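To start, the structure under review is shown below, and the notes come after it.
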Amino acid sequence: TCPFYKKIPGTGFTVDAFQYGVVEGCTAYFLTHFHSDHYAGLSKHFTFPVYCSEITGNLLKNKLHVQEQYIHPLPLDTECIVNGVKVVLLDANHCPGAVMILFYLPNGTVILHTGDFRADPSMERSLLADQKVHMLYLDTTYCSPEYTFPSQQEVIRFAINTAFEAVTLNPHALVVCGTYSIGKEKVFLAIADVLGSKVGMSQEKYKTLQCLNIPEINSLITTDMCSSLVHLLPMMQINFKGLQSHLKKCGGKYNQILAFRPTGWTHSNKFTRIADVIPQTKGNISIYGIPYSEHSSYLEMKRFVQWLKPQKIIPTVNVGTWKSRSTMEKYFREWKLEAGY
Ligand code: NI
């Protein structure tokens with residue numbers, strides 16, 4: 001059965017609620033982004049209207065084979081009417097195609113559902129600036145002050161400088177980047193750009209990337225692995241055994257691997273600056289864990305909420321334990337006392 005925090009009161013609507021079968025009273029299913037915890041349940045046999053971004057809809061049609069007649073793509077930053085209710089989709093600063101959804105209820109209540117997001121001060125100048133929000137359904141993934149990490153720009157600067165140094169020292173080194181889901185594409189695209197290379201990958205990953213409306217993509221990616229010195233591999237193969245095995249396959253073209261694992265936060269963030277990060281090494285293989293996050297840090301989250309001043313907050317992440325829920329409620333009250341709403 002569908003949990004309450006996936007239902008939008010006063011509507012026929014649900015958000016990211018595809019794994020509960022037919023939800024009683026739901027006339028339109030919204031999907032904020034193409035990540036498996038959120039699309040779980042959708043398949044080619046789904047027969048209700050799905051509302052989403054253009055990019056999400058490309059992935060639903062091409063990767064999940066959802067039939068086209070049930071896919072309803074909406075433009076961003078544009079007032080739209082769905083089953084008689086005004087909605088707006090806003091960029092969530094998450095992965096490609098990810099949105100936040102503003103719902104303007106018939107009774108005058110305004111609800112923001114963030115989906116998954118990385119809060120940014122640029123959101124303070126979207127269509128959110130213009131009106132009051134009564135209820136916020138919030139991505140609370142990193143809702144605790146221990147969760148600190150650098151800007152995406154500092155992390156990319158580290159990666160580009162690390163890769164350019166290694167390959168200039170050793171023209172026979174290969175760079176490998178781990179991937180499992182969409183998101184974080186800037187990691188491998190920025191490295192390939194500094195190296196003057198396309199990025200090489202499997203046909204299935206090329207197919208996924210071709211759904212994302214990235215400008216000039218045909219100039220940046222390829223399935224011809226032999227022509228490329230940046231390769232993408234499944235995240236599970238980013239270890240010494242899997243990388244050794246990959247280097248065999250390259251037919252003596254390369255004699256060294258430098259590999260990157262974009263993670264979320266890890267506890268090494270509570271001790272080390274990005275500048276100071278070092279790899280795990282075995283022989284001619286080195287592996288860097290880099291903290292490239294597509295979710296808000298604690299401080300980013302706090303700033304957004306203190307600016308928006310919602311009347312009520314409903315967390316959508318970390319809701320399964322009483323300890324997590326009590327922790328998050330305590331921070332919500334502090335933020336409200338400190339800012340005065
Ligand atoms: Ni996500």
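Convention: chains lettered A, B, ... in structure tokens order; per-chain residue numbering from 1; ligands numbered from 1 as shown.
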Quiz prompt | Residues within 7 Å of ligand 1, counting only C-alpha atoms and all ligand atoms, as a PyMOL selection string | solution = chain A and resi 33+35+94+116
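Residues lying within 9 Å of residue 238 (chain A), counting only C-alpha atoms and ignoring same-chain neighbours fewer than 4 positions away, are residues 176, 177, 178, 233, 234, 242, 243, 259, 260, 261 and 287 of chain A.
Distances here use only C-alpha atoms; by that measure, the residue among A:12, A:3, A:215, A:315 closest to residue 105 (chain A) is A:12.
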Quiz item: Could you name the residues that touch residue 140 (chain A) at 7 Å or less, counting only C-alpha atoms, but leaving out those on the same chain fewer than 6 positions away, as a PyMOL selection string?
Solution: chain A and resi 315-318
Write the residues of the preceding selection, restricted to N, CA and C atoms, as an mmCIF file, in the first residue's frame.
```
data_model
loop_
_atom_site.group_PDB
_atom_site.id
_atom_site.type_symbol
_atom_site.label_atom_id
_atom_site.label_comp_id
_atom_site.auth_asym_id
_atom_site.auth_seq_id
_atom_site.Cartn_x
_atom_site.Cartn_y
_atom_site.Cartn_z
ATOM 1 N N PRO A 315 8.997 15.084 5.270
ATOM 2 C CA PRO A 315 10.179 14.371 4.671
ATOM 3 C C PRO A 315 9.816 13.222 3.795
ATOM 4 N N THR A 316 10.582 12.987 2.699
ATOM 5 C CA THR A 316 10.396 11.879 1.794
ATOM 6 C C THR A 316 11.570 10.822 1.822
ATOM 7 N N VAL A 317 12.603 11.110 2.606
ATOM 8 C CA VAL A 317 13.797 10.236 2.724
ATOM 9 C C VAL A 317 14.184 10.072 4.209
ATOM 10 N N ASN A 318 14.637 8.861 4.561
ATOM 11 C CA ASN A 318 14.958 8.550 5.957
ATOM 12 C C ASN A 318 13.616 8.499 6.815
#
```
Sorted per-residue table, region 211-242 of chain A near region 276-283 of chain A, closest atoms and distance, 12 Å, only C-alpha atoms, as CSV:
```
residue,atom,partner,partner_atom,distance
A:238,CA,A:280,CA,11.5
A:239,CA,A:280,CA,9.7
A:240,CA,A:282,CA,7.2
A:241,CA,A:282,CA,10.3
```
Would you save the residues from that selection as a PDB file, in the first residue's frame, using N, CA and C atoms?
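Output file out_29.pdb follows:
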```pdb
ATOM      1  N   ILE A 238      34.405  -1.435 -10.615  1.00  0.00           N
ATOM      2  CA  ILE A 238      35.453  -0.510 -10.192  1.00  0.00           C
ATOM      3  C   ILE A 238      36.099  -1.016  -8.879  1.00  0.00           C
ATOM      4  N   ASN A 239      36.978  -2.012  -9.099  1.00  0.00           N
ATOM      5  CA  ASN A 239      37.802  -2.623  -8.032  1.00  0.00           C
ATOM      6  C   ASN A 239      39.029  -3.228  -8.726  1.00  0.00           C
ATOM      7  N   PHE A 240      40.020  -3.643  -7.910  1.00  0.00           N
ATOM      8  CA  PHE A 240      41.296  -4.118  -8.534  1.00  0.00           C
ATOM      9  C   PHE A 240      41.131  -5.342  -9.496  1.00  0.00           C
ATOM     10  N   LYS A 241      40.280  -6.291  -9.133  1.00  0.00           N
ATOM     11  CA  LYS A 241      40.010  -7.485  -9.953  1.00  0.00           C
ATOM     12  C   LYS A 241      39.339  -7.111 -11.283  1.00  0.00           C
TER      13      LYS A 241
END
```
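For residue 107 (chain A), the list of residues within 12 Å, based on only C-alpha atoms and with local chain neighbours fewer than 4 positions off taken out, reads residues 9, 10, 11, 85, 86, 103, 111 and 134 of chain A.
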Please produce a file of those selected residues containing N, CA and C atoms, as a CSV table (one decimal), in the first residue's frame.
```csv
chain,number,residue,atom,x,y,z
A,9,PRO,N,-2.7,15.6,-1.3
A,9,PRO,CA,-4.1,15.7,-0.7
A,9,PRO,C,-4.9,16.7,-1.6
A,10,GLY,N,-6.2,16.4,-1.8
A,10,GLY,CA,-7.1,17.3,-2.6
A,10,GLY,C,-7.0,17.1,-4.1
A,11,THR,N,-6.2,16.0,-4.5
A,11,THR,CA,-6.1,15.7,-5.9
A,11,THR,C,-6.3,14.2,-6.2
A,85,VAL,N,-6.2,20.8,-12.5
A,85,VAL,CA,-5.3,21.4,-11.5
A,85,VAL,C,-4.1,22.0,-12.1
A,86,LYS,N,-3.8,23.3,-11.8
A,86,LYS,CA,-2.5,24.0,-12.3
A,86,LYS,C,-1.3,23.4,-11.7
A,103,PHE,N,2.2,22.3,-7.1
A,103,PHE,CA,0.7,22.0,-7.3
A,103,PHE,C,-0.1,23.2,-6.7
A,111,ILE,N,1.5,23.5,-2.8
A,111,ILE,CA,2.4,22.4,-2.4
A,111,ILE,C,3.6,22.3,-3.3
A,134,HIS,N,2.5,26.3,1.2
A,134,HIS,CA,1.9,25.9,2.5
A,134,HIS,C,2.6,24.6,2.9
```
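Among the candidates A:293, A:62, A:179, A:263, the residue lying nearest to residue 211 (chain A) is A:62 (atoms considered: only C-alpha atoms).
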Exercise. For residue 63 (chain A), please output as number ranges by chain all residues within 10 Å (counting only C-alpha atoms; exclusion window: fewer than 4 positions along the same chain).
Key: A: 43-44, 57-59, 204, 207-208, 211
Let's see if you can do this: from backbone DSSP, list all alpha helix (DSSP H) residues in region 158-200 of chain A, as a PDB file with C-alpha atoms, in the first residue's frame.
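Final output, saved to part_26.pdb:
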```pdb
ATOM      1  CA  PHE A 158      40.138  17.958  -8.900  1.00  0.00           C
ATOM      2  CA  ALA A 159      39.163  15.203 -11.400  1.00  0.00           C
ATOM      3  CA  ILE A 160      40.282  17.141 -14.555  1.00  0.00           C
ATOM      4  CA  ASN A 161      43.642  18.119 -12.945  1.00  0.00           C
ATOM      5  CA  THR A 162      44.273  14.533 -11.687  1.00  0.00           C
ATOM      6  CA  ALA A 163      43.489  12.912 -15.042  1.00  0.00           C
ATOM      7  CA  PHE A 164      45.398  15.480 -17.170  1.00  0.00           C
ATOM      8  CA  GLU A 165      48.515  15.072 -14.922  1.00  0.00           C
ATOM      9  CA  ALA A 166      48.482  11.268 -15.042  1.00  0.00           C
ATOM     10  CA  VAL A 167      47.959  10.920 -18.808  1.00  0.00           C
ATOM     11  CA  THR A 168      50.547  13.642 -19.638  1.00  0.00           C
ATOM     12  CA  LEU A 169      53.104  11.786 -17.501  1.00  0.00           C
ATOM     13  CA  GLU A 185      27.751  12.720 -16.503  1.00  0.00           C
ATOM     14  CA  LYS A 186      29.909  15.893 -15.986  1.00  0.00           C
ATOM     15  CA  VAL A 187      32.628  13.613 -14.306  1.00  0.00           C
ATOM     16  CA  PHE A 188      33.405  11.627 -17.485  1.00  0.00           C
ATOM     17  CA  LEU A 189      32.591  14.428 -19.973  1.00  0.00           C
ATOM     18  CA  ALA A 190      34.949  16.936 -18.324  1.00  0.00           C
ATOM     19  CA  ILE A 191      37.842  14.420 -18.129  1.00  0.00           C
ATOM     20  CA  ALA A 192      37.354  13.351 -21.829  1.00  0.00           C
ATOM     21  CA  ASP A 193      37.264  17.061 -22.886  1.00  0.00           C
ATOM     22  CA  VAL A 194      40.655  17.820 -21.147  1.00  0.00           C
ATOM     23  CA  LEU A 195      42.203  14.702 -22.748  1.00  0.00           C
TER      24      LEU A 195
END
```
Give me, as an mmCIF file with N, CA and C atoms, in the first residue's frame, all polymer residues having an atom no more than 8 Å from residue 133 (chain A), counting only C-alpha atoms and skipping those fewer than 4 positions away in the same chain.
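File written: result08.cif
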```
data_model
loop_
_atom_site.group_PDB
_atom_site.id
_atom_site.type_symbol
_atom_site.label_atom_id
_atom_site.label_comp_id
_atom_site.auth_asym_id
_atom_site.auth_seq_id
_atom_site.Cartn_x
_atom_site.Cartn_y
_atom_site.Cartn_z
ATOM 1 N N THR A 109 -4.509 26.184 -1.458
ATOM 2 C CA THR A 109 -3.261 25.558 -0.873
ATOM 3 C C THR A 109 -2.213 25.442 -2.044
ATOM 4 N N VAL A 110 -0.944 25.727 -1.723
ATOM 5 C CA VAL A 110 0.164 25.569 -2.703
ATOM 6 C C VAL A 110 1.133 24.505 -2.015
ATOM 7 N N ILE A 111 1.469 23.495 -2.810
ATOM 8 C CA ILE A 111 2.362 22.355 -2.377
ATOM 9 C C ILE A 111 3.592 22.283 -3.312
ATOM 10 N N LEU A 112 4.820 22.262 -2.753
ATOM 11 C CA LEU A 112 6.047 21.997 -3.547
ATOM 12 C C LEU A 112 6.524 20.554 -3.157
ATOM 13 N N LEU A 308 12.285 29.566 1.790
ATOM 14 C CA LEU A 308 10.957 29.268 1.380
ATOM 15 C C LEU A 308 9.897 29.500 2.502
ATOM 16 N N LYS A 309 10.265 29.280 3.764
ATOM 17 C CA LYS A 309 9.337 29.427 4.892
ATOM 18 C C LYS A 309 8.002 28.683 4.762
ATOM 19 N N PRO A 310 8.042 27.362 4.537
ATOM 20 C CA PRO A 310 6.822 26.606 4.456
ATOM 21 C C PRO A 310 6.106 26.470 5.789
ATOM 22 N N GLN A 311 4.794 26.281 5.722
ATOM 23 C CA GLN A 311 4.002 26.079 6.932
ATOM 24 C C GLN A 311 4.123 24.705 7.521
#
```
Quiz prompt | Among the residues A:173, A:306, A:275, A:135, the one that comes closest to residue 337 (chain A) [using only C-alpha atoms] | solution = A:306
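With distances restricted to only C-alpha atoms, A:117 is the closest residue to residue 90 (chain A) from A:104, A:117, A:46, A:304.
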Exercise. Just list the residues in region 9-217 of chain A DSSP gives strand (DSSP E or B) on the backbone, as a ChimeraX atom specification.
Key: /A:13-15,28-30,50-52,71-73,80-82,85-91,99-104,110-113,135-138,173-179,199-200
Serialized selection, N, CA and C atoms, as a compact mmCIF listing (two decimals), in the first residue's frame:
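Result file follows (again.txt):
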```txt
# COMPACT_ATOMS: atom_id res chain seq x y z
N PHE A 13 -3.74 12.83 -7.39
CA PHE A 13 -2.34 12.65 -7.88
C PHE A 13 -1.47 11.86 -6.94
N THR A 14 -0.51 11.07 -7.50
CA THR A 14 0.56 10.52 -6.65
C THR A 14 1.91 10.93 -7.33
N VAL A 15 2.94 10.81 -6.50
CA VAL A 15 4.35 11.13 -6.92
C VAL A 15 5.25 9.91 -6.64
N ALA A 28 -3.71 10.40 -12.23
CA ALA A 28 -2.46 10.80 -12.88
C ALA A 28 -1.30 10.45 -11.91
N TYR A 29 -0.30 9.72 -12.47
CA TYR A 29 0.91 9.31 -11.74
C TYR A 29 2.04 10.26 -12.24
N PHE A 30 2.59 11.02 -11.30
CA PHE A 30 3.78 11.85 -11.66
C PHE A 30 5.06 11.06 -11.36
N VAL A 50 1.13 8.92 -17.28
CA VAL A 50 2.37 9.27 -16.52
C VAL A 50 2.72 10.66 -16.95
N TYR A 51 2.96 11.53 -15.95
CA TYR A 51 3.30 12.92 -16.24
C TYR A 51 4.79 13.15 -15.78
N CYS A 52 5.57 13.82 -16.63
CA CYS A 52 7.05 13.91 -16.36
C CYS A 52 7.68 14.91 -17.26
N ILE A 71 2.45 8.27 -22.05
CA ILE A 71 3.50 9.21 -21.61
C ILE A 71 3.07 10.65 -21.91
N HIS A 72 3.02 11.50 -20.86
CA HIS A 72 2.67 12.89 -20.99
C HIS A 72 3.80 13.87 -20.57
N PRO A 73 4.66 14.28 -21.49
CA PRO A 73 5.75 15.14 -21.17
C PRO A 73 5.27 16.59 -21.01
N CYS A 80 0.79 24.69 -16.47
CA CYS A 80 0.09 23.63 -17.22
C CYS A 80 -1.14 23.18 -16.43
N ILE A 81 -2.21 22.72 -17.10
CA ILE A 81 -3.40 22.21 -16.39
C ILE A 81 -3.48 20.69 -16.59
N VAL A 82 -3.50 19.97 -15.50
CA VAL A 82 -3.61 18.52 -15.49
C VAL A 82 -4.83 18.13 -14.69
N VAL A 85 -6.18 20.85 -12.52
CA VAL A 85 -5.32 21.43 -11.47
C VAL A 85 -4.08 22.04 -12.15
N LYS A 86 -3.78 23.32 -11.82
CA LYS A 86 -2.54 23.98 -12.33
C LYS A 86 -1.28 23.41 -11.67
N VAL A 87 -0.32 23.05 -12.51
CA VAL A 87 1.01 22.52 -12.07
C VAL A 87 2.10 23.23 -12.79
N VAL A 88 3.30 23.23 -12.18
CA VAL A 88 4.53 23.74 -12.82
C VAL A 88 5.65 22.73 -12.54
N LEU A 89 6.47 22.39 -13.55
CA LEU A 89 7.70 21.62 -13.29
C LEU A 89 8.90 22.54 -13.27
N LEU A 90 9.77 22.40 -12.27
CA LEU A 90 11.00 23.19 -12.10
C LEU A 90 12.26 22.31 -12.10
N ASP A 91 13.38 22.76 -12.64
CA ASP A 91 14.58 21.99 -12.60
C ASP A 91 15.03 21.70 -11.13
N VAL A 99 12.89 16.80 -11.97
CA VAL A 99 12.05 18.01 -11.68
C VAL A 99 11.57 18.01 -10.23
N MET A 100 11.29 19.22 -9.79
CA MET A 100 10.36 19.53 -8.67
C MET A 100 9.00 19.87 -9.25
N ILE A 101 7.93 19.61 -8.47
CA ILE A 101 6.54 19.86 -8.99
C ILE A 101 5.79 20.80 -8.01
N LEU A 102 5.31 21.92 -8.52
CA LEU A 102 4.43 22.86 -7.80
C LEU A 102 3.00 22.60 -8.12
N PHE A 103 2.16 22.33 -7.11
CA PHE A 103 0.73 22.01 -7.33
C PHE A 103 -0.10 23.16 -6.69
N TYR A 104 -1.02 23.74 -7.47
CA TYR A 104 -1.88 24.87 -7.03
C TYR A 104 -3.30 24.31 -6.77
N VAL A 110 -0.94 25.73 -1.72
CA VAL A 110 0.16 25.57 -2.70
C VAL A 110 1.13 24.50 -2.01
N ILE A 111 1.47 23.49 -2.81
CA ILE A 111 2.36 22.36 -2.38
C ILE A 111 3.59 22.28 -3.31
N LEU A 112 4.82 22.26 -2.75
CA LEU A 112 6.05 22.00 -3.55
C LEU A 112 6.52 20.55 -3.16
N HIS A 113 6.69 19.72 -4.20
CA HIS A 113 7.34 18.38 -4.02
C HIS A 113 8.72 18.48 -4.66
N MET A 135 2.83 23.65 1.99
CA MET A 135 3.34 22.31 2.32
C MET A 135 4.55 21.97 1.41
N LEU A 136 5.61 21.46 2.03
CA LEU A 136 6.91 21.10 1.27
C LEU A 136 7.18 19.58 1.50
N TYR A 137 7.20 18.82 0.43
CA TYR A 137 7.54 17.40 0.48
C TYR A 137 9.01 17.35 0.13
N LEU A 138 9.86 17.13 1.14
CA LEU A 138 11.31 17.50 1.06
C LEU A 138 12.26 16.29 0.92
N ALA A 173 48.47 5.50 -20.26
CA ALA A 173 47.47 5.26 -19.18
C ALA A 173 46.02 5.38 -19.78
N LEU A 174 45.16 4.53 -19.25
CA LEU A 174 43.68 4.58 -19.54
C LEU A 174 42.98 5.16 -18.36
N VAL A 175 41.98 6.01 -18.62
CA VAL A 175 41.11 6.48 -17.52
C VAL A 175 39.79 5.72 -17.61
N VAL A 176 39.32 5.22 -16.46
CA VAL A 176 38.02 4.53 -16.34
C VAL A 176 37.13 5.27 -15.33
N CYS A 177 35.86 5.49 -15.67
CA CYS A 177 34.87 6.07 -14.73
C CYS A 177 33.70 5.10 -14.55
N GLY A 178 33.35 4.87 -13.30
CA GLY A 178 32.19 3.99 -12.92
C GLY A 178 30.86 4.72 -13.07
N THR A 179 29.82 3.97 -13.48
CA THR A 179 28.45 4.51 -13.63
C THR A 179 27.45 3.37 -13.33
N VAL A 199 34.33 9.73 -25.09
CA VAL A 199 34.11 8.71 -24.11
C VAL A 199 33.53 7.41 -24.68
N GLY A 200 34.18 6.29 -24.45
CA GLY A 200 33.77 4.98 -24.91
C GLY A 200 32.93 4.18 -23.93
```
Just the residues within 8 Å of residue 18 (chain A), please, counting only C-alpha atoms, with nothing from its chain fewer than 6 positions along; format it as a PDB file with N, CA and C atoms, in the first residue's frame.
```pdb
ATOM      1  N   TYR A  29      -0.296   9.723 -12.470  1.00  0.00           N
ATOM      2  CA  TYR A  29       0.910   9.310 -11.743  1.00  0.00           C
ATOM      3  C   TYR A  29       2.045  10.260 -12.237  1.00  0.00           C
ATOM      4  N   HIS A  38      12.614   5.376  -7.586  1.00  0.00           N
ATOM      5  CA  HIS A  38      11.448   6.202  -7.897  1.00  0.00           C
ATOM      6  C   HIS A  38      10.576   5.645  -9.008  1.00  0.00           C
ATOM      7  N   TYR A  39      11.126   5.032 -10.082  1.00  0.00           N
ATOM      8  CA  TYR A  39      10.313   4.400 -11.126  1.00  0.00           C
ATOM      9  C   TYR A  39       9.902   2.931 -10.857  1.00  0.00           C
ATOM     10  N   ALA A  40      10.336   2.378  -9.711  1.00  0.00           N
ATOM     11  CA  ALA A  40      10.151   0.918  -9.401  1.00  0.00           C
ATOM     12  C   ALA A  40       8.703   0.563  -9.560  1.00  0.00           C
ATOM     13  N   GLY A  41       8.446  -0.349 -10.465  1.00  0.00           N
ATOM     14  CA  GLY A  41       7.113  -0.783 -10.769  1.00  0.00           C
ATOM     15  C   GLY A  41       6.695  -0.518 -12.179  1.00  0.00           C
ATOM     16  N   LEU A  42       7.168   0.549 -12.852  1.00  0.00           N
ATOM     17  CA  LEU A  42       6.824   0.872 -14.258  1.00  0.00           C
ATOM     18  C   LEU A  42       7.455  -0.133 -15.196  1.00  0.00           C
TER      19      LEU A  42
END
```
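When CA of residue 258 (chain A) is paired with CA of residue 285 (chain A), their separation reads 6.2 Å.
Each of A:327, A:8, A:223, A:45 was compared to residue 64 (chain A) using only C-alpha atoms, and A:45 turns out to be the nearest.
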Self-check item: Nearest to residue 298 (chain A) by atom-to-atom distance, counting only C-alpha atoms, from A:150, A:67, A:93, A:53
Solution: A:150
